[PDB]
Amino acid sequence: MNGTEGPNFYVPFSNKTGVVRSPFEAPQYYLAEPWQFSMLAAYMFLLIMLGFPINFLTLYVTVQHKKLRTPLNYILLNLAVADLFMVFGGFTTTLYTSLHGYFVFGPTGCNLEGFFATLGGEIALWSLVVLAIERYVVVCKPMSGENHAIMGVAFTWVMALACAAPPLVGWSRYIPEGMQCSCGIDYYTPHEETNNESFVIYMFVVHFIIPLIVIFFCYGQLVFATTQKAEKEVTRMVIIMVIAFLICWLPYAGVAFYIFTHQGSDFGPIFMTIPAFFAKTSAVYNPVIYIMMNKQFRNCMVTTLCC
Amino acid sequence: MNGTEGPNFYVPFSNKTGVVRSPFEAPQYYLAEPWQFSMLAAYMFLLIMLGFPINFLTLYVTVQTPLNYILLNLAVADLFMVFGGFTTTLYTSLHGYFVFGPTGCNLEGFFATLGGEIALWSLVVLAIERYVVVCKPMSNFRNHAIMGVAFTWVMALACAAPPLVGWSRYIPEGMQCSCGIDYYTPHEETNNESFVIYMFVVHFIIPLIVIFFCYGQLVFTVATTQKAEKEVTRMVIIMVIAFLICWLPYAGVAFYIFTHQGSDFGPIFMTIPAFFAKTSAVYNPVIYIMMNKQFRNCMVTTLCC
Amino acid sequence: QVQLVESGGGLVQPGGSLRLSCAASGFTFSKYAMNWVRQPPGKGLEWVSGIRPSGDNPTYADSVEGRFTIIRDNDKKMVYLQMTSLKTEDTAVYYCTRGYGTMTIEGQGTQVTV
Amino acid sequence: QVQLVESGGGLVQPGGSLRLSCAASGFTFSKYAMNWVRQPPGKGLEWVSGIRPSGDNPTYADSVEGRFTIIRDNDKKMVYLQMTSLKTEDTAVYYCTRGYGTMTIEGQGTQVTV
Ligand SMILES: *[C@@H]1O[C@H](CO)[C@@H](O[C@@H]2O[C@H](CO)[C@@H](O[C@@H]3O[C@H](CO[C@H]4O[C@H](CO)[C@@H](O)[C@H](O)[C@@H]4O)[C@@H](O)[C@H](O[C@H]4O[C@H](CO)[C@@H](O)[C@H](O)[C@@H]4O[C@@H]4O[C@H](CO)[C@@H](O)[C@H](O)[C@H]4NC(C)=O)[C@@H]3O)[C@H](O)[C@H]2NC(C)=O)[C@H](O)[C@H]1NC(C)=O
Ligand SMILES: *[C@@H]1O[C@H](CO)[C@@H](O[C@@H]2O[C@H](CO)[C@@H](O[C@@H]3O[C@H](CO[C@H]4O[C@H](CO)[C@@H](O)[C@H](O)[C@@H]4O)[C@@H](O)[C@H](O[C@H]4O[C@H](CO)[C@@H](O)[C@H](O)[C@@H]4O)[C@@H]3O)[C@H](O)[C@H]2NC(C)=O)[C@H](O)[C@H]1NC(C)=O
Ligand SMILES: *[C@@H]1O[C@H](CO)[C@@H](O[C@@H]2O[C@H](CO)[C@@H](O[C@@H]3O[C@H](CO)[C@@H](O)[C@H](O)[C@@H]3O)[C@H](O)[C@H]2NC(C)=O)[C@H](O)[C@H]1NC(C)=O
Ligand SMILES: *[C@@H]1O[C@H](CO)[C@@H](O[C@@H]2O[C@H](CO)[C@@H](O)[C@H](O)[C@H]2NC(C)=O)[C@H](O)[C@H]1NC(C)=O
C-alpha cells in the first residue's frame, strides 16, 4: 500500500492512514503543503500570462506580413497556434485546479489538461522533425518553399493527434499526476481494461524514439555570404529550438518512464509534478527563441507593434 | 416588490416569483441568462489579460517627469485593480455570485474604488501641473511630483476605506458580479445615504472643479520645449477625455439609482456601465505609450534588449 | 437602536377578521419601507404584504390578495395589516420587516391562530 | 470480461479460524495486485490486507495485524486470506479488490459471521 489506486485516478500516497480521497472529489492537501498548491497556481498563472501575449503577437505578426513565408515561420506560427491551444485549452484547467487542489471540473476536466499538454509536446516534437528534415535539404543540398512547408506543418498535427487522441478513445487515458493538478498518460496503473501498458510503449516508440532518430539522423548529416547568414542563424535556431525541447521534455519523460518501470513503488507526489509543470514552459519558450534569434522577425514584430 | 433587499445585499429583481436568493449563497441565473455571466467572465478575463502586461511593462520601463510619476502611480493602482479587484469579479462571474463571501465583495469594490479615485486625483494633479508650467503663474516651479502622487493615494483612501470602516458599504451591483457603494438601500444603520453625498461631493465634484478650473485657464492659451509641452499637455486632455468616457456612465446610473431608490430597474441597468468603467485599468497606459513618444522609444529598449 | 413592536393579533374565528400593528422605534421610519411576513406552522416564511416609504403603493401576495390590506402611519411610526375573511392556513406568526426583505428584525411577531 | 469469485467463509467460532479464497478471471492476474476489503455491518469498508503483483510484500491493517494473513497464487489466479484467532468485530462481508484501492469490484463477497 504505497500508492492508492481508484477507478479514475492514482494517488501517490498510502491510504494506510485513511486520509486518501479521490482528486475528482476533494482537495489533496494531505499530499503536499497547501501553499505549494498556491505556488503551482502562481507558476501556472505566469505561463498563461506570458503565454497568450508572446504567442498572439507571434501569431499576428507572421500572418499580418505577407512576407515571412519561409518554412521556419510556418512552423513557428504552427507552434504559436498550438501554444495558444495549450494556454487556453490546458493551462486554464490546471491553473483553476491548482486553486481548488483537485480536478474539480471532473474526469473530463482532467482530459482537457492532458490533451493539450500532449498536443503541445507532440506538435513541438514533430515540428522539430520537420525543421530537422528541412535544414538537411537546403544545407547538404540533396534534392535541388511555400507549398512544401504547409504540407509538412499539416504533418505535425496529423502525428500529434495520433498521440493525443487515443487516451480520449479509451486506449490509455489521462490521469492526475503527482500533486493531482496536471494530467498525463497512465504510467502508474496497468489498467489492462484500458490497455494503457501498450500505449506507453507506442508513445515512447512512435512519438519519441522515431522523432529523435530522424532529428539526429539529419543532425549527423551536418558533421562532414548573406544567404548563409540567413541560413546560419535560422539553422542555428533549429538547434537552439531542439536544445530547449530536450531541456524541457527530458525530465518529465524520464520520470514518466521511471514510474512505468517501477509501477507500485514508493515515490512522492512532488516526484512527478515538478518535471511535469516544468515541461509546460513549452508554450512560452518557442516564440521567445523566434524573436531572440530570428532577427528578420524581430524587425517586423516592432513594425506591427509600433505602427 | 420591485427589488429584493437583504442584510448584505440588494437584488434588482422582484421576489414575487419566490426565486430570489442571496448573491452570497446561490448563483443569480434568474437575473440574466447564464451565458451572459460567461460573457462577463470573458470580458473580465481580457481586462486581466491585457491589464497585467501593459501595466507591468509600463511599471518596469518607467523605473528601468511629473507625468511619468503619475503614469507609474496608475500602472501601480491598475495592477491593484487587476490582482485585487478583477480577479474576484472574474471568479465570481464564473460561479455567478460572490462565492468568496461578504468580504469577497469588499475586495472587488475596494480596488474598483481606488482605481477610479487614484485615476481621478491623478488627473487633478495633471490639471494643476501644466497650469503652473503653461500659464506660468509661479516662475521656476514644475520631488514636487512625488509629493503630489502621494496625494492621490491619500484622497483615494479617503473614498475607498470608509465602506470598510462601516460608513457606507460595498454591495453587489446589477448582475451581482461587481460591487460598489450602496446607492440602493438607505441602510441608515450604515448611514450610507450620507456617504453617497460625501463621495459625489468630495470625490467627484471637487476634483472636476479643479480640473476645469485649470483647463479654463487655458482658454486664452489654447520651440521643442513646447512640442514636448504640447503633446504631453495634449495627453493630459486625452487622459481626462478617456476618464470621462469611462466613469460618467456608471456615475450617472449610480446617481439615478440614488435618486430613484426602490424604483423598477433591471440587473443589466447598472452592471453594463460598471463593467465598462473597469477599462480604467487598461486604457491609461495605452495612452502613455500611444501619445508619449519619449516613453515609446524606451519601452522598445526594454523589450528589444 | 432599532425596535419593532408586533401588536394586534390572537385567536380568531374561521372567516373572521383582525387588525395588526407594528410600532417602529429607532430609525428614520418614513425614509424607508416596511413589509409583513408570516411563519406558517410547518412551512417557511411567506412574504405577506409590503408598502413603499411614502406609503403610496402597497403590494400583496396572491395568497392574501385583497383579503388582507396594508397601510402605514409615518407620523406615529406604525404599520397595520387589516386581515379580513380569514382562513385556517392564515394561521401563522406575523413579523413586520423593514426595507423589502423577508429578513425579520424584532420578533415574537403575533400568533394569529385561526 | 472480469470475474472475481469470493469463495471461503461462513459462521465461525469466537476465537476460531477460517480460510478465504478469490478466484480471478478475465485479466492478466500477475500483472495486477490484489487486496482484501471487508464491510462491517454498520460502519464503512475496512481495507483488510494487500499484496504486490509478484506477491513479494503483504501488508495488513493494524486491526488484523498478524491475526490475518494474505497470500496469492499467480498460477491458479487466486487470492487467499487465512484469518485466525477471530473476533466479533471481524464479522463482515469480505471483498477482494484489484490494484491498491478499497474500490470494490463485483463479487459475492463472503459473509464471515463470527
Ligand atoms: C424569496 O422568497 C423565498 C420564498 O420561499 C424566500 O424563501 C424563504 O426564506 C425563509 C427565510 O427568510 C425560509 O424560512 C425558514 O424556513 C425553514 C424551513 O425551510 C425548509 O423546510 C420547510 C418545511 O419545514 C420547506 O418548506 C422549505 O422548502 C425548506 O426546505 C424554517 O425552519 C425556518 O423557521 C424556523 O426558524 C426561524 C428562524 O430561526 C424561527 O424563528 C421559526 O420559529 C422556525 O422554527 C420552527 O420551530 C418549531 C418549534 O420548535 C419547529 O418544529 C419547526 O421546525 C420550525 N419551523 C419550520 C417551518 O421548520 C424559516 O421559516 C423559508 O423556508 C424559505 N422558503 C423556501 C421555500 O425556501 C427567500 O428568502 C426570498 N429570498 C430573498 C433573497 O429575499
Ligand atoms: C481510503 O481509506 C478510507 C478509509 O476510511 C476510505 O474511506 C471509506 O471508503 C469506503 C468505500 O466504500 C466507505 O464505505 C461506505 O460507507 C458507508 C457508510 O459510511 C458513512 O456512514 C457511516 C455510518 O453509517 C460512517 O461510519 C462513515 O464515516 C460514513 O459517514 C456504507 O453505507 C457504504 O455501504 C454501501 O456501499 C457498499 C459498497 O462497497 C456496500 O457494500 C454496502 O452494502 C452499502 O450499499 C460503504 O461501506 C467508508 O464509509 C469510507 N470511510 C469514511 C472516511 O467515511 C477511502 O474511500 C479511501 N480512499 C480512496 C481514495 O480509496
Ligand atoms: C417600482 O418602480 C416603479 C417605477 O419604476 C414605481 O412606480 C411608481 O409608482 C408611483 C406610485 O404609484 C407613481 O406615482 C404616481 O404616478 C402617477 C402617474 O405617473 C403620477 O401622476 C402621480 O402623481 C404619482 O406620483 C410613479 O409615477 C410610478 N413610476 C413610474 C414612472 O412607473 C413603483 O412604486 C415600484 N413598485 C413597487 C410597488 O415597489
Ligand atoms: C514501496 O516501494 C518500495 C520501494 O520504493 C518497496 O521496497 C522494496 O521492498 C521489498 C520488500 O517487500 C524489497 O525486496 C526491496 O529491496 C525494496 N526496495 C528498496 C531498495 O527500497 C516496497 O515493497 C513498496 N511497498 C509495498 C509494501 O508495496
# chains A, B, ... in the order shown; residues from 1 in each chain; ligands from 1
>>> calpha_fit_rmsd(fixed="chain D", moving="chain C")
0.4 Å
>>> residues_near_ligand(ligand="ligand 4", cutoff="6 Å", atoms="only C-alpha atoms and all ligand atoms", output="ChimeraX atom specification")
/A:1-2,265-266 /D:52,56-57,59
>>> residues_near_ligand(ligand="ligand 2", cutoff="6 Å", atoms="only C-alpha atoms and all ligand atoms", output="VMD selection string")
(chain A and resid 6 15 18 to 22) or (chain D and resid 39 42 to 45 101 to 102 104)
>>> write_last_selection(atoms="N, CA and C atoms", output="mmCIF file, in the first residue's frame")
data_model
loop_
_atom_site.group_PDB
_atom_site.id
_atom_site.type_symbol
_atom_site.label_atom_id
_atom_site.label_comp_id
_atom_site.auth_asym_id
_atom_site.auth_seq_id
_atom_site.Cartn_x
_atom_site.Cartn_y
_atom_site.Cartn_z
ATOM 1 N N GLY A 6 -7.590 4.169 -7.720
ATOM 2 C CA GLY A 6 -9.038 4.256 -7.768
ATOM 3 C C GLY A 6 -9.537 4.071 -9.196
ATOM 4 N N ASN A 15 -2.871 4.997 1.598
ATOM 5 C CA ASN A 15 -4.139 5.127 2.299
ATOM 6 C C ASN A 15 -4.148 4.125 3.453
ATOM 7 N N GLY A 18 -5.740 6.394 6.013
ATOM 8 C CA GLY A 18 -7.188 6.519 5.875
ATOM 9 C C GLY A 18 -7.596 7.847 5.236
ATOM 10 N N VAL A 19 -6.598 8.725 5.025
ATOM 11 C CA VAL A 19 -6.810 10.122 4.666
ATOM 12 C C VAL A 19 -7.114 10.248 3.172
ATOM 13 N N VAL A 20 -6.579 9.314 2.378
ATOM 14 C CA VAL A 20 -6.578 9.448 0.933
ATOM 15 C C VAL A 20 -8.022 9.536 0.442
ATOM 16 N N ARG A 21 -8.235 10.474 -0.486
ATOM 17 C CA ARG A 21 -9.520 10.719 -1.116
ATOM 18 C C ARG A 21 -9.277 10.949 -2.607
ATOM 19 N N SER A 22 -10.335 10.815 -3.417
ATOM 20 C CA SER A 22 -10.237 10.958 -4.863
ATOM 21 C C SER A 22 -9.895 12.409 -5.206
ATOM 22 N N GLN D 39 -16.747 -5.358 4.758
ATOM 23 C CA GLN D 39 -17.862 -4.465 5.022
ATOM 24 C C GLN D 39 -18.456 -4.806 6.386
ATOM 25 N N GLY D 42 -22.637 -2.049 9.751
ATOM 26 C CA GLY D 42 -22.831 -0.820 10.499
ATOM 27 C C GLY D 42 -21.994 0.314 9.916
ATOM 28 N N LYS D 43 -20.674 0.093 9.846
ATOM 29 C CA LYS D 43 -19.726 1.148 9.518
ATOM 30 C C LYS D 43 -19.086 0.865 8.157
ATOM 31 N N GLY D 44 -18.256 1.801 7.678
ATOM 32 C CA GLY D 44 -17.744 1.769 6.316
ATOM 33 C C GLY D 44 -16.699 0.676 6.096
ATOM 34 N N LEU D 45 -16.328 0.462 4.820
ATOM 35 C CA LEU D 45 -15.373 -0.568 4.424
ATOM 36 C C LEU D 45 -14.043 -0.370 5.145
ATOM 37 N N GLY D 101 -6.823 -0.291 -4.384
ATOM 38 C CA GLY D 101 -7.975 0.508 -3.995
ATOM 39 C C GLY D 101 -8.965 -0.279 -3.140
ATOM 40 N N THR D 102 -9.664 0.424 -2.222
ATOM 41 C CA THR D 102 -10.802 -0.130 -1.487
ATOM 42 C C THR D 102 -12.056 -0.006 -2.359
ATOM 43 N N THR D 104 -14.378 -1.513 -4.684
ATOM 44 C CA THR D 104 -14.734 -2.922 -4.697
ATOM 45 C C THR D 104 -15.328 -3.306 -6.048
#
>>> closest_residue(among="C:110, C:17, C:49, C:69", to="ligand 3", atoms="only C-alpha atoms and all ligand atoms")
C:49
>>> residues_around(residues="residue D:2", least_positions_apart="5", cutoff="8 Å", atoms="only C-alpha atoms", output="compact mmCIF listing (two decimals) with C-alpha atoms, in the first residue's frame")
# COMPACT_ATOMS: atom_id res chain seq x y z
CA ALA D 24 -9.73 -14.21 -10.52
CA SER D 25 -10.98 -14.48 -14.13
CA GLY D 26 -10.70 -12.23 -17.19
CA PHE D 27 -7.39 -10.31 -16.90
>>> closest_atom_pairs(of="chain B", to="ligand 3", cutoff="9 Å", atoms="only C-alpha atoms and all ligand atoms", output="tab-separated table")
residue	atom	partner	partner_atom_place_in_ligand_line	distance
B:1	CA	ligand 3	39 (O)	4.6
B:2	CA	ligand 3	39 (O)	4.5
B:3	CA	ligand 3	39 (O)	7.4
B:14	CA	ligand 3	39 (O)	8.8
B:260	CA	ligand 3	4 (C)	8.0
B:261	CA	ligand 3	2 (O)	8.7
B:262	CA	ligand 3	2 (O)	6.3
B:263	CA	ligand 3	2 (O)	3.4
B:264	CA	ligand 3	5 (O)	3.6
B:265	CA	ligand 3	5 (O)	6.5
>>> residues_near_ligand(ligand="ligand 1", cutoff="9 Å", atoms="only C-alpha atoms and all ligand atoms", output="PyMOL selection string")
(chain B and resi 4-6+9-11+14-23) or (chain C and resi 37-47+93+100-104+107-108)
>>> closest_residue(among="C:112, C:34, C:96, C:79", to="chain B", atoms="only C-alpha atoms")
C:34
>>> closest_residue(among="B:89, B:143, B:225, B:301", to="chain A", atoms="only C-alpha atoms")
B:301
>>> select_by_dssp(residues="stretch 149-292 of chain B", states="strand (DSSP E)", output="count of residues only")
8
>>> residues_around(residues="residue C:28", least_positions_apart="5", cutoff="12 Å", atoms="only C-alpha atoms", output="ChimeraX atom specification")
/B:186-189,191,193 /C:1-2,33-34,53,74-77,98-99
>>> write_last_selection(atoms="N, CA and C atoms", output="mmCIF file, in the first residue's frame")
data_model
loop_
_atom_site.group_PDB
_atom_site.id
_atom_site.type_symbol
_atom_site.label_atom_id
_atom_site.label_comp_id
_atom_site.auth_asym_id
_atom_site.auth_seq_id
_atom_site.Cartn_x
_atom_site.Cartn_y
_atom_site.Cartn_z
ATOM 1 N N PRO B 186 -31.324 52.704 1.854
ATOM 2 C CA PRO B 186 -30.950 53.816 2.727
ATOM 3 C C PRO B 186 -29.984 53.334 3.803
ATOM 4 N N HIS B 187 -30.255 52.137 4.344
ATOM 5 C CA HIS B 187 -29.379 51.495 5.312
ATOM 6 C C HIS B 187 -28.854 52.544 6.282
ATOM 7 N N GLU B 188 -29.767 53.143 7.051
ATOM 8 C CA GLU B 188 -29.391 54.237 7.928
ATOM 9 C C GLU B 188 -28.493 53.712 9.053
ATOM 10 N N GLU B 189 -28.617 52.417 9.406
ATOM 11 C CA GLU B 189 -27.681 51.740 10.301
ATOM 12 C C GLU B 189 -26.246 51.992 9.825
ATOM 13 N N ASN B 191 -25.635 54.275 7.394
ATOM 14 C CA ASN B 191 -25.612 55.712 7.163
ATOM 15 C C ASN B 191 -25.122 56.007 5.748
ATOM 16 N N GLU B 193 -26.465 56.632 3.015
ATOM 17 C CA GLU B 193 -27.122 57.760 2.375
ATOM 18 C C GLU B 193 -26.169 58.958 2.357
ATOM 19 N N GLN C 1 -30.916 52.619 17.834
ATOM 20 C CA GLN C 1 -31.071 51.192 18.228
ATOM 21 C C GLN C 1 -32.505 50.764 17.910
ATOM 22 N N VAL C 2 -32.645 49.823 16.963
ATOM 23 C CA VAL C 2 -33.915 49.525 16.311
ATOM 24 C C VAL C 2 -34.793 48.670 17.227
ATOM 25 N N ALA C 33 -39.017 51.578 3.813
ATOM 26 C CA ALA C 33 -40.264 50.867 3.596
ATOM 27 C C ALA C 33 -40.485 49.888 4.748
ATOM 28 N N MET C 34 -41.630 49.196 4.719
ATOM 29 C CA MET C 34 -41.937 48.175 5.708
ATOM 30 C C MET C 34 -42.792 47.086 5.056
ATOM 31 N N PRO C 53 -42.021 53.628 0.996
ATOM 32 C CA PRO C 53 -41.713 54.542 2.103
ATOM 33 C C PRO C 53 -42.731 55.663 2.315
ATOM 34 N N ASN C 74 -46.770 57.198 9.118
ATOM 35 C CA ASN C 74 -45.417 57.733 9.165
ATOM 36 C C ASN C 74 -45.246 58.609 10.402
ATOM 37 N N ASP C 75 -46.308 59.342 10.749
ATOM 38 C CA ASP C 75 -46.283 60.265 11.871
ATOM 39 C C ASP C 75 -46.087 59.486 13.166
ATOM 40 N N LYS C 76 -46.847 58.392 13.298
ATOM 41 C CA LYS C 76 -46.899 57.613 14.523
ATOM 42 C C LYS C 76 -45.828 56.519 14.520
ATOM 43 N N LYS C 77 -45.235 56.242 13.346
ATOM 44 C CA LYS C 77 -44.271 55.161 13.175
ATOM 45 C C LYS C 77 -44.970 53.829 13.440
ATOM 46 N N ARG C 98 -38.398 45.493 7.741
ATOM 47 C CA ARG C 98 -38.070 46.766 7.121
ATOM 48 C C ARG C 98 -37.542 46.506 5.709
ATOM 49 N N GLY C 99 -37.403 47.584 4.926
ATOM 50 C CA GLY C 99 -36.816 47.504 3.597
ATOM 51 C C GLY C 99 -37.741 46.809 2.600
#
>>> closest_atom_pairs(of="chain B", to="chain A", cutoff="12 Å", atoms="only C-alpha atoms", output="CSV")
residue,atom,partner,partner_atom,distance
B:45,CA,A:49,CA,11.1
B:46,CA,A:52,CA,10.7
B:48,CA,A:49,CA,9.2
B:49,CA,A:49,CA,6.9
B:50,CA,A:53,CA,8.4
B:51,CA,A:49,CA,10.2
B:52,CA,A:49,CA,8.0
B:53,CA,A:49,CA,7.8
B:54,CA,A:53,CA,10.2
B:56,CA,A:49,CA,11.3
B:57,CA,A:50,CA,11.8
B:83,CA,A:45,CA,11.7
B:87,CA,A:45,CA,11.8
B:91,CA,A:96,CA,9.9
B:94,CA,A:96,CA,11.5
B:289,CA,A:306,CA,9.7
B:290,CA,A:306,CA,9.0
B:291,CA,A:306,CA,11.8
B:293,CA,A:306,CA,10.6
B:296,CA,A:306,CA,8.4
B:297,CA,A:306,CA,9.5
B:299,CA,A:306,CA,10.6
B:300,CA,A:302,CA,8.0
B:301,CA,A:302,CA,11.1
B:303,CA,A:302,CA,9.7
B:304,CA,A:298,CA,8.2
B:305,CA,A:292,CA,9.3
>>> write_last_selection(atoms="N, CA and C atoms", output="compact mmCIF listing (two decimals), in the first residue's frame")
# COMPACT_ATOMS: atom_id res chain seq x y z
N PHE B 45 -11.93 38.54 -18.19
CA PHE B 45 -10.67 37.86 -18.44
C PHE B 45 -9.72 38.79 -19.18
N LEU B 46 -10.24 39.42 -20.25
CA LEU B 46 -9.42 40.18 -21.18
C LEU B 46 -8.92 41.48 -20.57
N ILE B 48 -7.99 41.49 -17.36
CA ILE B 48 -6.86 40.99 -16.59
C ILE B 48 -5.75 40.56 -17.55
N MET B 49 -6.15 40.11 -18.75
CA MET B 49 -5.22 39.57 -19.71
C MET B 49 -4.35 40.69 -20.27
N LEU B 50 -4.96 41.80 -20.71
CA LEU B 50 -4.22 42.95 -21.21
C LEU B 50 -4.02 43.99 -20.12
N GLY B 51 -4.46 43.67 -18.89
CA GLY B 51 -4.24 44.54 -17.74
C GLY B 51 -2.81 44.43 -17.22
N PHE B 52 -2.42 43.21 -16.82
CA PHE B 52 -1.10 42.97 -16.24
C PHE B 52 0.02 43.37 -17.20
N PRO B 53 0.08 42.86 -18.45
CA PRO B 53 1.24 43.09 -19.33
C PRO B 53 1.52 44.55 -19.67
N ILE B 54 0.44 45.29 -19.97
CA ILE B 54 0.52 46.68 -20.37
C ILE B 54 0.95 47.52 -19.17
N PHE B 56 2.46 46.24 -16.34
CA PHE B 56 3.72 45.76 -15.79
C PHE B 56 4.91 46.23 -16.63
N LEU B 57 4.77 46.21 -17.96
CA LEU B 57 5.78 46.79 -18.84
C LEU B 57 5.92 48.28 -18.54
N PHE B 83 -5.25 42.60 -9.85
CA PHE B 83 -5.00 41.49 -8.95
C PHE B 83 -5.92 41.56 -7.73
N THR B 87 -9.69 39.96 -10.39
CA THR B 87 -9.59 38.54 -10.09
C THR B 87 -10.86 38.04 -9.42
N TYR B 91 -13.76 35.55 -11.15
CA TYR B 91 -14.08 34.29 -10.50
C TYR B 91 -15.56 34.23 -10.10
N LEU B 94 -17.87 33.49 -12.95
CA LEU B 94 -17.94 32.07 -13.25
C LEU B 94 -19.07 31.45 -12.44
N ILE B 289 1.75 55.11 -23.86
CA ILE B 289 2.58 54.60 -24.95
C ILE B 289 2.22 55.33 -26.24
N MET B 290 0.92 55.32 -26.57
CA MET B 290 0.41 55.81 -27.84
C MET B 290 0.83 57.26 -28.06
N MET B 291 0.60 58.13 -27.06
CA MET B 291 0.80 59.57 -27.22
C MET B 291 2.23 59.96 -26.87
N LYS B 293 5.80 59.88 -26.86
CA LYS B 293 6.80 59.29 -27.74
C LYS B 293 8.07 58.95 -26.96
N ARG B 296 7.63 55.57 -25.52
CA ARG B 296 7.52 54.54 -26.55
C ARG B 296 8.90 54.04 -27.00
N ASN B 297 9.84 54.98 -27.20
CA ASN B 297 11.22 54.68 -27.57
C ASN B 297 11.85 53.71 -26.57
N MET B 299 10.45 51.99 -24.10
CA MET B 299 9.72 50.74 -23.91
C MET B 299 10.31 49.68 -24.84
N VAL B 300 10.57 50.06 -26.09
CA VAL B 300 11.09 49.12 -27.07
C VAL B 300 12.53 48.75 -26.70
N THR B 301 13.24 49.68 -26.02
CA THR B 301 14.58 49.45 -25.50
C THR B 301 14.59 48.28 -24.52
N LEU B 303 12.01 46.03 -24.07
CA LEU B 303 11.55 44.89 -24.85
C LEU B 303 12.71 44.31 -25.65
N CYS B 304 13.13 45.06 -26.67
CA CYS B 304 14.18 44.63 -27.58
C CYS B 304 15.53 45.00 -26.96
N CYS B 305 16.05 44.06 -26.15
CA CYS B 305 17.03 44.34 -25.11
C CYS B 305 18.29 44.98 -25.72
>>> atom_distance(atom1="atom CA of residue D:64", atom2="atom CA of residue A:191")
28.8 Å
>>> interface_residues(of="chain A", to="chain D", cutoff="12 Å", atoms="only C-alpha atoms", output="PyMOL selection string")
chain A and resi 1-18+20-22+188-195+197+262-265
>>> decode(residues="stretch 61-78 of chain D", atoms="N, CA and C atoms", output="mmCIF file, in the first residue's frame")
data_model
loop_
_atom_site.group_PDB
_atom_site.id
_atom_site.type_symbol
_atom_site.label_atom_id
_atom_site.label_comp_id
_atom_site.auth_asym_id
_atom_site.auth_seq_id
_atom_site.Cartn_x
_atom_site.Cartn_y
_atom_site.Cartn_z
ATOM 1 N N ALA D 61 -3.752 -4.220 7.864
ATOM 2 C CA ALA D 61 -4.192 -3.184 8.781
ATOM 3 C C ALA D 61 -3.772 -3.575 10.198
ATOM 4 N N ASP D 62 -3.694 -2.597 11.109
ATOM 5 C CA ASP D 62 -3.357 -2.886 12.497
ATOM 6 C C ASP D 62 -4.499 -3.641 13.173
ATOM 7 N N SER D 63 -5.730 -3.464 12.669
ATOM 8 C CA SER D 63 -6.910 -4.187 13.127
ATOM 9 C C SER D 63 -6.674 -5.696 13.101
ATOM 10 N N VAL D 64 -6.119 -6.190 11.990
ATOM 11 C CA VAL D 64 -5.911 -7.615 11.788
ATOM 12 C C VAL D 64 -4.426 -7.872 11.537
ATOM 13 N N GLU D 65 -3.573 -7.222 12.338
ATOM 14 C CA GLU D 65 -2.132 -7.287 12.154
ATOM 15 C C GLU D 65 -1.605 -8.591 12.747
ATOM 16 N N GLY D 66 -1.272 -9.557 11.884
ATOM 17 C CA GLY D 66 -0.682 -10.806 12.335
ATOM 18 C C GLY D 66 -1.717 -11.887 12.649
ATOM 19 N N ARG D 67 -2.950 -11.494 12.998
ATOM 20 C CA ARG D 67 -4.039 -12.453 13.134
ATOM 21 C C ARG D 67 -4.423 -12.972 11.749
ATOM 22 N N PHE D 68 -4.681 -12.043 10.821
ATOM 23 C CA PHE D 68 -4.965 -12.380 9.435
ATOM 24 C C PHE D 68 -3.657 -12.490 8.658
ATOM 25 N N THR D 69 -3.725 -13.132 7.490
ATOM 26 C CA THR D 69 -2.540 -13.286 6.672
ATOM 27 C C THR D 69 -2.953 -13.576 5.230
ATOM 28 N N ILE D 70 -2.282 -12.898 4.289
ATOM 29 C CA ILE D 70 -2.693 -12.854 2.893
ATOM 30 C C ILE D 70 -1.613 -13.500 2.032
ATOM 31 N N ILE D 71 -2.048 -14.263 1.022
ATOM 32 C CA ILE D 71 -1.141 -14.845 0.046
ATOM 33 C C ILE D 71 -1.938 -15.189 -1.212
ATOM 34 N N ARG D 72 -1.249 -15.168 -2.359
ATOM 35 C CA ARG D 72 -1.892 -15.250 -3.660
ATOM 36 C C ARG D 72 -1.211 -16.320 -4.506
ATOM 37 N N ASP D 73 -1.999 -16.954 -5.387
ATOM 38 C CA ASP D 73 -1.495 -17.922 -6.349
ATOM 39 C C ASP D 73 -1.638 -17.343 -7.757
ATOM 40 N N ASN D 74 -0.495 -17.001 -8.376
ATOM 41 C CA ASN D 74 -0.465 -16.378 -9.692
ATOM 42 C C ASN D 74 -0.806 -17.411 -10.762
ATOM 43 N N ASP D 75 -0.346 -18.646 -10.535
ATOM 44 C CA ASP D 75 -0.519 -19.744 -11.472
ATOM 45 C C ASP D 75 -2.008 -20.052 -11.606
ATOM 46 N N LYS D 76 -2.691 -20.133 -10.458
ATOM 47 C CA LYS D 76 -4.077 -20.565 -10.397
ATOM 48 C C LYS D 76 -5.027 -19.370 -10.483
ATOM 49 N N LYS D 77 -4.490 -18.149 -10.337
ATOM 50 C CA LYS D 77 -5.279 -16.922 -10.325
ATOM 51 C C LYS D 77 -6.202 -16.935 -9.106
ATOM 52 N N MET D 78 -5.605 -16.818 -7.913
ATOM 53 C CA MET D 78 -6.343 -16.932 -6.664
ATOM 54 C C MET D 78 -5.689 -16.059 -5.598
#
